[PDB]
Amino acid sequence: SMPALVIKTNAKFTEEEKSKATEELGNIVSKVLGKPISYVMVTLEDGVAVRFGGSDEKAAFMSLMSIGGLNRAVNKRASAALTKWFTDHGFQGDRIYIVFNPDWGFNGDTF
Amino acid sequence: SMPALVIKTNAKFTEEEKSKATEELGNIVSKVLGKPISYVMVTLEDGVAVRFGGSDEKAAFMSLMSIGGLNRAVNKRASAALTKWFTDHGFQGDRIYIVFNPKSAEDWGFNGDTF
Amino acid sequence: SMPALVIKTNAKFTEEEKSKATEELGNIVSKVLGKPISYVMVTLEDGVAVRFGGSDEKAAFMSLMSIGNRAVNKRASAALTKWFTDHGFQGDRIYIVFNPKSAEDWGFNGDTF
Ligand SMILES: [Cl-]
Ligand SMILES: [Cl-]
Ligand SMILES: [Cl-]
Ligand SMILES: [Cl-]
Ligand SMILES: [Cl-]
């Protein structure tokens, strides 16, 4: 099983800031889900036109895919840990949007 | 209970046009789904390499996620209403692609908490 | 029915390279799934910040959605990856997602199925 985190935001990040974010956010996913960082895939797209709640204020949309291992308990801890990274980096917690989505391919073969 | 709309297109929009698109498209989703505009999330990515039907002509790809409130009936009106915005803004109706994806409250996060 | 392929990668493609990729990748999807090339939708986003397995080396993320298998999944995984390994990518840096949907959860030309 290998988790995936897809992030879209209207904030502007530098090339270094994006590199640190995918590292820090990927490590958060590794901790909450109990998987090694080797199995973690992180995608970050900045400068995206976003409107959340009628406003185009700084916001982020996130999707967390993982074959299994997602439950009411884990989703709440992942929501809190992922959101704090953003609230610690200039974001507002009410502008952060997370979807959990638990049939996968890797190196040309399925599992 | 909050819907999400993710839009990818190869057209080039100005910053003002992108702001207008997310507002108009967001209000379309609010009307069709029966939610206030406060709960609507809209994402618009322009200038993405798109090929639909072998051609890289002007096209758009769309995904609509919503905690519940997604049914065979609603999806049909949402498909029609969203397409009309594009056909009214320089797109051709046969180049528009929509995917509907309902999810649960436990599988959704907001303000560091689920539902 | 109608397949959809959404690709995210941190590699930098030229405008011509992107056009060739969506054609070649689109044709691979049409062949493996047994559907005409007319119903295939391909999206390619380059220059996306990607970190896979802790490393930000060249990588690609893929999602393949289709209304409604073990046979295709093996062929689609292998055929799509081979395109990338033939274009400077590493096969263990290629990430594919299969997402079957229902007829009522798909839209085209303002109507569902
Ligand atoms: Cl920079
Ligand atoms: Cl812990
Ligand atoms: Cl996406
Ligand atoms: Cl501009
Ligand atoms: Cl160029």
# chains A, B, ... in the order shown; residues from 1 in each chain; ligands from 1
>>> residues_near_ligand(ligand="ligand 2", cutoff="12 Å", atoms="only C-alpha atoms and all ligand atoms", output="JSON, numbers by chain")
{"A": [27, 28, 29, 30, 31, 32, 33, 34, 35, 74, 77, 78, 81]}
>>> write_last_selection(atoms="N, CA and C atoms", output="PDB file, in the first residue's frame")
ATOM      1  N   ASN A  27       6.248  13.715   5.152  1.00  0.00           N
ATOM      2  CA  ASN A  27       6.602  13.109   6.431  1.00  0.00           C
ATOM      3  C   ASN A  27       5.413  13.079   7.379  1.00  0.00           C
ATOM      4  N   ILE A  28       4.528  14.078   7.302  1.00  0.00           N
ATOM      5  CA  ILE A  28       3.328  14.064   8.134  1.00  0.00           C
ATOM      6  C   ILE A  28       2.458  12.868   7.767  1.00  0.00           C
ATOM      7  N   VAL A  29       2.267  12.639   6.464  1.00  0.00           N
ATOM      8  CA  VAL A  29       1.466  11.505   6.012  1.00  0.00           C
ATOM      9  C   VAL A  29       2.100  10.199   6.466  1.00  0.00           C
ATOM     10  N   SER A  30       3.428  10.112   6.386  1.00  0.00           N
ATOM     11  CA  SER A  30       4.116   8.910   6.840  1.00  0.00           C
ATOM     12  C   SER A  30       3.836   8.649   8.314  1.00  0.00           C
ATOM     13  N   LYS A  31       3.854   9.702   9.135  1.00  0.00           N
ATOM     14  CA  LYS A  31       3.641   9.532  10.568  1.00  0.00           C
ATOM     15  C   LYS A  31       2.208   9.112  10.873  1.00  0.00           C
ATOM     16  N   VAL A  32       1.228   9.804  10.290  1.00  0.00           N
ATOM     17  CA  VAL A  32      -0.161   9.561  10.667  1.00  0.00           C
ATOM     18  C   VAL A  32      -0.630   8.199  10.166  1.00  0.00           C
ATOM     19  N   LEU A  33      -0.223   7.815   8.960  1.00  0.00           N
ATOM     20  CA  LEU A  33      -0.700   6.574   8.367  1.00  0.00           C
ATOM     21  C   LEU A  33       0.123   5.360   8.774  1.00  0.00           C
ATOM     22  N   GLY A  34       1.279   5.558   9.398  1.00  0.00           N
ATOM     23  CA  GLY A  34       2.110   4.437   9.783  1.00  0.00           C
ATOM     24  C   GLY A  34       2.850   3.793   8.633  1.00  0.00           C
ATOM     25  N   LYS A  35       3.106   4.546   7.553  1.00  0.00           N
ATOM     26  CA  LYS A  35       3.861   4.031   6.423  1.00  0.00           C
ATOM     27  C   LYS A  35       5.237   4.691   6.360  1.00  0.00           C
ATOM     28  N   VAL A  74      -8.170   7.893  12.108  1.00  0.00           N
ATOM     29  CA  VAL A  74      -6.989   8.359  11.385  1.00  0.00           C
ATOM     30  C   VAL A  74      -7.296   9.639  10.615  1.00  0.00           C
ATOM     31  N   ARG A  77      -6.914  12.671  12.759  1.00  0.00           N
ATOM     32  CA  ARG A  77      -5.539  13.020  13.108  1.00  0.00           C
ATOM     33  C   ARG A  77      -4.791  13.549  11.886  1.00  0.00           C
ATOM     34  N   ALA A  78      -5.028  12.949  10.712  1.00  0.00           N
ATOM     35  CA  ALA A  78      -4.426  13.453   9.478  1.00  0.00           C
ATOM     36  C   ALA A  78      -4.940  14.847   9.137  1.00  0.00           C
ATOM     37  N   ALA A  81      -3.122  17.253  11.620  1.00  0.00           N
ATOM     38  CA  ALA A  81      -1.685  17.402  11.414  1.00  0.00           C
ATOM     39  C   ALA A  81      -1.385  18.096  10.090  1.00  0.00           C
TER      40      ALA A  81
END
>>> select_by_dssp(residues="region 24-72 of chain A", states="alpha helix (DSSP H)", output="PyMOL selection string")
chain A and resi 24-33+72
>>> write_last_selection(atoms="C-alpha atoms", output="short mmCIF file (atom, residue, chain, number, x, y, z; two decimals), in the first residue's frame")
data_model
loop_
_atom_site.label_atom_id
_atom_site.label_comp_id
_atom_site.auth_asym_id
_atom_site.auth_seq_id
_atom_site.Cartn_x
_atom_site.Cartn_y
_atom_site.Cartn_z
CA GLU A 24 7.36 18.16 5.43
CA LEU A 25 3.84 17.22 4.32
CA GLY A 26 5.01 13.83 3.06
CA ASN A 27 6.60 13.11 6.43
CA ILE A 28 3.33 14.06 8.13
CA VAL A 29 1.47 11.50 6.01
CA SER A 30 4.12 8.91 6.84
CA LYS A 31 3.64 9.53 10.57
CA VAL A 32 -0.16 9.56 10.67
CA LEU A 33 -0.70 6.57 8.37
CA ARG A 72 -12.74 7.83 11.29
#
>>> residues_near_ligand(ligand="ligand 5", cutoff="8 Å", atoms="only C-alpha atoms and all ligand atoms", output="MDAnalysis selection string")
chainID C and resid 13:16
>>> write_last_selection(atoms="N, CA and C atoms", output="PDB file, in the first residue's frame")
ATOM      1  N   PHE C  13       8.441  19.700 -19.894  1.00  0.00           N
ATOM      2  CA  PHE C  13       8.178  19.324 -21.273  1.00  0.00           C
ATOM      3  C   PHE C  13       8.067  20.574 -22.138  1.00  0.00           C
ATOM      4  N   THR C  14       8.506  20.455 -23.387  1.00  0.00           N
ATOM      5  CA  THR C  14       8.249  21.505 -24.357  1.00  0.00           C
ATOM      6  C   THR C  14       6.802  21.413 -24.837  1.00  0.00           C
ATOM      7  N   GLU C  15       6.328  22.498 -25.449  1.00  0.00           N
ATOM      8  CA  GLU C  15       4.962  22.498 -25.964  1.00  0.00           C
ATOM      9  C   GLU C  15       4.776  21.392 -26.994  1.00  0.00           C
ATOM     10  N   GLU C  16       5.795  21.153 -27.823  1.00  0.00           N
ATOM     11  CA  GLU C  16       5.724  20.051 -28.776  1.00  0.00           C
ATOM     12  C   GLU C  16       5.763  18.705 -28.064  1.00  0.00           C
TER      13      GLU C  16
END
>>> interface_residues(of="chain C", to="chain B", cutoff="7 Å", atoms="only C-alpha atoms", output="ChimeraX atom specification")
/C:18,22-23,37-45,104-112
>>> interface_residues(of="chain A", to="chain C", cutoff="7 Å", atoms="only C-alpha atoms", output="CSV table (one decimal) with N, CA, C and O atoms, in the first residue's frame")
chain,number,residue,atom,x,y,z
A,18,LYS,N,8.4,25.0,-2.2
A,18,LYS,CA,7.7,23.8,-2.6
A,18,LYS,C,8.4,22.6,-2.2
A,18,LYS,O,7.8,21.6,-1.8
A,19,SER,N,9.8,22.6,-2.4
A,19,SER,CA,10.6,21.4,-2.0
A,19,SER,C,10.5,21.1,-0.5
A,19,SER,O,10.3,19.9,-0.2
A,22,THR,N,6.6,19.6,0.3
A,22,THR,CA,6.4,18.2,-0.1
A,22,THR,C,7.1,17.3,0.8
A,22,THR,O,6.7,16.2,1.1
A,23,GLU,N,8.3,17.7,1.3
A,23,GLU,CA,9.1,16.9,2.3
A,23,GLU,C,8.4,16.9,3.6
A,23,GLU,O,8.1,15.8,4.2
A,37,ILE,N,8.4,6.7,4.6
A,37,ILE,CA,8.4,7.8,3.6
A,37,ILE,C,8.6,7.2,2.2
A,37,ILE,O,8.3,7.9,1.2
A,38,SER,N,9.1,6.0,2.1
A,38,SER,CA,9.4,5.5,0.8
A,38,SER,C,8.1,5.3,0.0
A,38,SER,O,8.1,5.5,-1.3
A,39,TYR,N,7.0,5.0,0.6
A,39,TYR,CA,5.7,4.7,0.0
A,39,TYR,C,4.9,6.0,-0.2
A,39,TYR,O,3.8,5.9,-0.7
A,40,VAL,N,5.4,7.1,0.1
A,40,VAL,CA,4.6,8.4,0.1
A,40,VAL,C,4.8,9.1,-1.2
A,40,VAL,O,6.0,9.4,-1.5
A,41,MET,N,3.7,9.5,-1.8
A,41,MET,CA,3.7,10.3,-3.0
A,41,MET,C,3.1,11.7,-2.7
A,41,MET,O,1.9,11.7,-2.2
A,42,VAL,N,3.7,12.8,-3.0
A,42,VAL,CA,3.2,14.1,-2.7
A,42,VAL,C,3.2,14.9,-3.9
A,42,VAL,O,4.2,15.0,-4.7
A,43,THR,N,2.1,15.6,-4.2
A,43,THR,CA,1.9,16.5,-5.4
A,43,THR,C,1.5,17.9,-4.9
A,43,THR,O,0.5,17.9,-4.1
A,44,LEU,N,2.1,18.9,-5.3
A,44,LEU,CA,1.8,20.3,-4.9
A,44,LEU,C,1.8,21.2,-6.1
A,44,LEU,O,2.8,21.4,-6.8
A,45,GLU,N,0.6,21.7,-6.4
A,45,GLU,CA,0.4,22.7,-7.5
A,45,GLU,C,0.0,24.0,-6.9
A,45,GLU,O,-1.0,24.2,-6.2
A,103,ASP,N,-5.9,-2.2,-7.0
A,103,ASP,CA,-6.5,-1.0,-7.7
A,103,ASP,C,-5.5,0.1,-7.8
A,103,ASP,O,-5.8,1.2,-8.1
A,104,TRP,N,-4.2,-0.3,-7.7
A,104,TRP,CA,-3.1,0.6,-7.8
A,104,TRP,C,-2.0,0.0,-8.7
A,104,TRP,O,-1.8,-1.2,-8.7
A,105,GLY,N,-1.2,0.8,-9.4
A,105,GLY,CA,-0.2,0.3,-10.2
A,105,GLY,C,1.2,1.0,-9.9
A,105,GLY,O,1.2,2.1,-9.4
A,106,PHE,N,2.2,0.2,-10.0
A,106,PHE,CA,3.6,0.7,-9.7
A,106,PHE,C,4.6,-0.2,-10.4
A,106,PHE,O,4.5,-1.4,-10.3
A,107,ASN,N,5.6,0.4,-11.1
A,107,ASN,CA,6.6,-0.3,-11.8
A,107,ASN,C,6.0,-1.3,-12.9
A,107,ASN,O,6.5,-2.4,-13.1
A,108,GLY,N,4.9,-0.9,-13.5
A,108,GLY,CA,4.3,-1.7,-14.6
A,108,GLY,C,3.5,-2.9,-14.1
A,108,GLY,O,3.3,-3.8,-15.0
A,109,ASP,N,3.1,-3.0,-12.9
A,109,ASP,CA,2.3,-4.1,-12.4
A,109,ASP,C,1.4,-3.7,-11.3
A,109,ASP,O,1.6,-2.7,-10.6
A,110,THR,N,0.3,-4.4,-11.2
A,110,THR,CA,-0.7,-4.1,-10.2
A,110,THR,C,-0.4,-4.9,-8.9
A,110,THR,O,0.5,-5.7,-8.8
>>> residues_near_ligand(ligand="ligand 1", cutoff="8 Å", atoms="only C-alpha atoms and all ligand atoms", output="ChimeraX atom specification")
/A:13-16
